[PDB]
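J.: before I ask anything, here's the sequence and the deposited coordinates:
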Amino acid sequence: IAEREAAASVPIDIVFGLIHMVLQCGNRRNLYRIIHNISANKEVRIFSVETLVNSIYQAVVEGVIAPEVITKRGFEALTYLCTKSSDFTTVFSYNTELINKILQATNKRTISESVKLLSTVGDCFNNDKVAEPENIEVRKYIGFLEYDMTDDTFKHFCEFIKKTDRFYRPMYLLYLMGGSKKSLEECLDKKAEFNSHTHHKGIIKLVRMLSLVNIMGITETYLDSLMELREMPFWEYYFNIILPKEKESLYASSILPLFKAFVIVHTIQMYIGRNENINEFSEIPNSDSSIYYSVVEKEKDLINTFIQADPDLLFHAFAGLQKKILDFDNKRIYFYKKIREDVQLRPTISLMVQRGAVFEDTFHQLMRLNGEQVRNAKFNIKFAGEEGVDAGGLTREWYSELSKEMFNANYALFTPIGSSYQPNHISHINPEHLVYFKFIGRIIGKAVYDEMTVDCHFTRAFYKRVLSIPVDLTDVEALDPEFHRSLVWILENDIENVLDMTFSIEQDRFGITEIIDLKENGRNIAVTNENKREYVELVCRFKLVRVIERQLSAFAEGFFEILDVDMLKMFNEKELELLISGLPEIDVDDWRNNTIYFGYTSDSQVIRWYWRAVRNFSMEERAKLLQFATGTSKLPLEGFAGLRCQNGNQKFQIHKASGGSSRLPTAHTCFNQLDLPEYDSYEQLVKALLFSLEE
């Protein structure tokens, strides 16, 4: 990668004849070795490269071998010589007029190889040695962008602009905005008859250079131009008229570049200067008038569909999108491929299990190691006794046995609520069993990191506390109906007049009832109208979590020592159930065949609208509806025939909510009861269902 010094064993007269002979000769790879060997010293190297580039120049500017073939073979020779030892770009940095010759000698065909030339040449600027960046004429370089290129060429352009940003930022940006304005004006003029497939080349060029701008960022001087160009009504007209037509008439692949560019135009960040060696200060801008949110909400469904078409869009194309627009399907796929890019160093470990107690042996063999080792561990499970299944089957059986034993009655770590599970009371769980909750956190974390769908079904309170989400009142409603009714009765009515209760809540401990203050100086504080919501939510947290708190805590450090907290906290508690327990496939026909109705009929218009909505719910949203209405993502093998509620077995039951059209559906997880009110339109019903499942 550095310069090498050799004695002058070759005179400069004969290299001219050598290069001319190579020009009129094939199989020059051996000649490549010859020229590399003779160019060991600096002087002969410089003379050889300057003679070669001058010969290439005369081969095009002013004139045996045909000029095209001779010029392309000179380019190939230059590539194969510069590509080794990296020492030839140093001469380029010393002179820098030869780069001007190269750009001057760059026709429609030269670009395909000139790009690979300049990509390697850019190594000359790695140490920042130019001494005359003003006399480089990068204007013609950036003007070449109109030429016909491919993907690798564009990537090399990205590399070179990253190298030469600190050298030529202002005119680069100016030409960028000029070209963007001309391209969008051309699109605007043809917008009546614009086709994303007929003019695909132009949109490719525009989106390419706009992504180049994003990579580059803008300065404050050109901030005025950038903000002005963020106000193009072409976006509005296209998204409002042509996009609905192009969705059905044209394929999504040719339509994606326009969405990419719409992301780009507001994705630009601010760059001030290259303060660090390689770190560039990036700052984010603002807007006042832009209605990008209106557009992204307008066509969000088909946008999500096109994202489903290509997941790689979220990594390079649609990286600037907000979390809200993306649906849990695409969001979760992106989350998988984002956590799994950190493959790290994974050591494979052979592990022993016994049929009698997998839980204890697994705990012993995993907590000998640390969090990093276990998260990267490739578990080679070998079940004792029976050896007739592959390693994957052994590991799957180990998974299932761990899932069964963590809810085991003898272990009593989690008492079942039906399909889901919750940790038992503080008295039932021994103080020593706190390590098993860290074990369960680790198990679920590695199962998620292994992309394994386990049978760990839990309450929404458990998932909320895992995701640092406050526990809502529905979770306590699931366990205690009278308590929930009392709390909602207190919350809704003006009870402060006749409340006559302090902030603290009594919870009997057999021998005596102690005054547990819910906050600082809690006993002396009474409940008032202003703090009624605070009182209700604090009592909700302290009635259930305060006997389950350290189970959740231990599970928290277990689950976060296997996975990254930041990329996890951006999910919902309902989404966490599909993340941990898996994404089951639920059947709408089986859902409606064995669902009983109260106050309605199977032929009821509103009931039929509900069943049609369930029919057209996507797997994300139908799974969320199942989770909301039934209180669990677990599905029995028989389907809805053997579905159970908290209080014994209970098939799905739909009751009349006796409310207005604007009233939202309510699901009580205690008895698998979904309160279905009277609606006026199918779309209103499906939107209400979507809001209920999303929460």
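T.: Cool, the structure landed. Residues are numbered from 1 along each chain as shown.

J.: which is the next helix or strand following the longest helix belonging to the chain?
T.: Secondary structure of the chain read by DSSP state H shows that its longest helix is helix 151-189. Next helix or strand after helix 151-189 toward the C-terminus (DSSP states H and E): helix 200-216.

J.: looking at it, residue 93 is touching residue 125, isn't it?
T.: Yes. Contact criterion C-beta atoms under 8 Å: residue 93 and residue 125 qualify, at 7.0 Å. For every residue, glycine as well, the C-beta is placed using N, CA and C.

J.: ok, for the residue minimising distance to the centre of the chain, nearest residue in space, not its chain neighbours?
T.: The residue lying closest to the centre of the chain (C-alpha atoms, centre = their mean) is residue 334, at 3.7 Å. The shortest distance from residue 334 to any non-neighbouring residue, by C-beta to C-beta, 6 or more residues apart in numbering, is to residue 314 (4.6 Å).

J.: can you pull the contacts of that neighbour?
T.: 307, 321, 326, 330, 334 (C-beta atoms under 8 Å, 6 or more residues apart in numbering).

J.: give me the number of residues near the fourth one?
T.: For residue 330, the tally of surrounding residues (other C-beta atoms under 10 Å) stands at 23.

J.: now the second one
T.: Summarising burial for residue 321: neighbours were counted as other C-beta under 10 Å, giving 18.

J.: check the first one too.
T.: Burial of residue 307, expressed as a neighbour count using other C-beta under 10 Å, amounts to 26.

J.: what helix or strand is it on?
T.: With DSSP H and E as the test, residue 307 turns up in helix 300-309.

J.: just the last one next, same as before
T.: With the criterion set as DSSP H and E, the secondary-structure element containing residue 334 is helix 328-339.

J.: ok, now residue 350?
T.: strand 348-353.

J.: could you do residue 59 as well?
T.: Going by DSSP H and E, residue 59 is part of helix 42-61.

J.: also residue 381?
T.: strand 378-383.

J.: show me where the stretch 451-600 of the chain has strands.
T.: Along the stretch 451-600 of the chain, counting by DSSP state E, counting those that start in this stretch, strands occupy 595-597.

J.: any idea where the helices of it begin and end?
T.: For the stretch 451-600 of the chain, the helices defined by DSSP state H, counting those that start in this stretch cover 460-466, 473-479, 481-492, 532-560, 573-580, 588-593.

J.: nearest to residue 67, of the ones you listed?
T.: With C-beta to C-beta as the measure, helix 573-580 is the member of those nearest residue 67 (62.8 Å).

J.: related to what we said a few turns ago, now the helix holding residue 334 and helix 573-580, what's the angle there?
T.: Helix 328-339 runs at 60 degrees relative to helix 573-580, counting by axes from the mean of the first three to the mean of the last three C-alpha atoms, to 10 degrees.

J.: list the buried residues of helix 328-339.
T.: 328, 329, 330, 331, 332, 334, 335, 339 (16 or more other C-beta atoms under 10 Å).

J.: pull the number of nearby residues for residue 114.
T.: 23.

J.: so who does it touch?
T.: If you count contacts by C-beta under 8 Å, 6+ apart, then residue 114 has 75, 102, 103, 106 around it.

J.: from residue 620, how far off is the residue nearest to the centre of the chain?
T.: 13 Å (C-beta to C-beta, to the nearest Å).

J.: again, but for residue 642
T.: Counting by C-beta to C-beta, the gap from residue 642 to residue 620 is 25 Å.

J.: comparing the two, which residue is more hemmed in?
T.: Between residue 642 and residue 620, counted using other C-beta under 10 Å, the more crowded position is residue 620 (20 against 12).

J.: what is whichever helix or strand that one is part of packed up against?
T.: Taking DSSP H and E as the definition, one finds residue 620 inside helix 619-630. Contact here means 3 or more C-beta pairs under 8 Å, 6 or more residues apart in numbering; DSSP states H and E; on that basis helix 619-630 packs against helix 328-339, helix 573-580, strand 666-668, helix 682-694.

J.: the last one to helix 328-339, inter-axis angle?
T.: So that's helix 682-694. 30 degrees.

J.: still on that earlier bit, closest to residue 695 among the buried residues of helix 328-339?
T.: Nearest member of the buried residues of helix 328-339 to residue 695, counting by C-beta to C-beta, is residue 328, at 12.0 Å.

J.: can you give me how far the helix or strand where residue 361 lies is from the chain middle?
T.: Assessed by DSSP H and E, residue 361 sits inside helix 358-367. Here helix 358-367 is found 33 Å from its chain centre; the criterion is C-alpha atoms, centre = their mean, to the nearest Å.

J.: compute the inter-axis angle for that helix and helix 532-560.
T.: 80 degrees.

J.: buried residues in whichever helix or strand comes after helix 358-367, which are they?
T.: Downstream of helix 358-367, the next assigned helix or strand under DSSP H and E is helix 371-376. Neighbour-count burial for helix 371-376, counted by 16+ other C-beta under 10 Å, picks out 371, 374, 375, 376.

J.: what of stretch 269-282?
T.: 269, 271, 280.

J.: do the same with stretch 535-549
T.: In stretch 535-549, counting by 16+ other C-beta under 10 Å, buried: 535-545, 547-548.

J.: picking up where we left off before, can you pull out the residues in contact with the helix holding residue 307?
T.: With C-beta under 8 Å, 6+ apart as the criterion, helix 300-309 contacts 247, 252-253, 255-256, 259, 296, 313-314, 318, 325-327, 329-330.

J.: can you count the residues close to the closest residue in space to residue 503 that isn't next to it in sequence?
T.: Nearest non-adjacent residue to residue 503, counting by C-beta to C-beta, 6+ apart: residue 525, 4.1 Å away. Residues near residue 525, counting by other C-beta under 10 Å, number 16.

J.: thought residue 525 was touching residue 515?
T.: No. Under the contact definition of C-beta under 8 Å, residue 525 does not touch residue 515, with a separation of 11.8 Å.

J.: am I right that residue 653 sits in a strand?
T.: Yes. According to DSSP: H, G, I helix; E, B strand; the rest coil, residue 653 belongs to a strand.

J.: quick one: it from residue 217, how far?
T.: For residue 653 relative to residue 217 (C-beta to C-beta), the value is 58 Å.

J.: the more surrounded of those two?
T.: residue 217 (22 against 15).

J.: got the contact list for that one?
T.: Residue 217 touches 268, 269, 270, 271, 280, 282, counting by C-beta under 8 Å, 6+ apart.

J.: reformat the helices and strands packed on helix 619-630 as TSV; add distance to residue 151.
T.: Output for these, formatted as TSV (distance: least, C-beta to C-beta, whole Å):
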stretch	distance to residue 151
helix 328-339	21
helix 573-580	34
strand 666-668	50
helix 682-694	38
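
J.: which stretch among those comes nearest residue 194?
T.: helix 328-339 (27.5 Å).

J.: got the angle between that closest one and helix 619-630?
T.: Using the same axes, to 10 degrees, the inter-axis angle of helix 328-339 relative to helix 619-630 is 110 degrees.

J.: pull the CA atoms of helix 328-339 into PDB?
T.: Output of helix 328-339 as PDB, limited to C-alpha atoms (Å, rounded to 0.1, in the frame of the first residue of the first chain):
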ATOM      1  CA  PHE A 328     -45.800  -4.300  12.300                       C
ATOM      2  CA  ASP A 329     -45.100  -6.900   9.500                       C
ATOM      3  CA  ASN A 330     -42.500  -4.800   7.600                       C
ATOM      4  CA  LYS A 331     -41.400  -3.100  10.900                       C
ATOM      5  CA  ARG A 332     -40.800  -6.500  12.500                       C
ATOM      6  CA  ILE A 333     -39.000  -7.900   9.400                       C
ATOM      7  CA  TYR A 334     -36.800  -4.800   9.400                       C
ATOM      8  CA  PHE A 335     -36.200  -5.300  13.100                       C
ATOM      9  CA  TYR A 336     -35.100  -8.900  12.500                       C
ATOM     10  CA  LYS A 337     -32.700  -8.000   9.700                       C
ATOM     11  CA  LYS A 338     -31.400  -5.100  11.800                       C
ATOM     12  CA  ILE A 339     -30.700  -7.100  15.000                       C
END
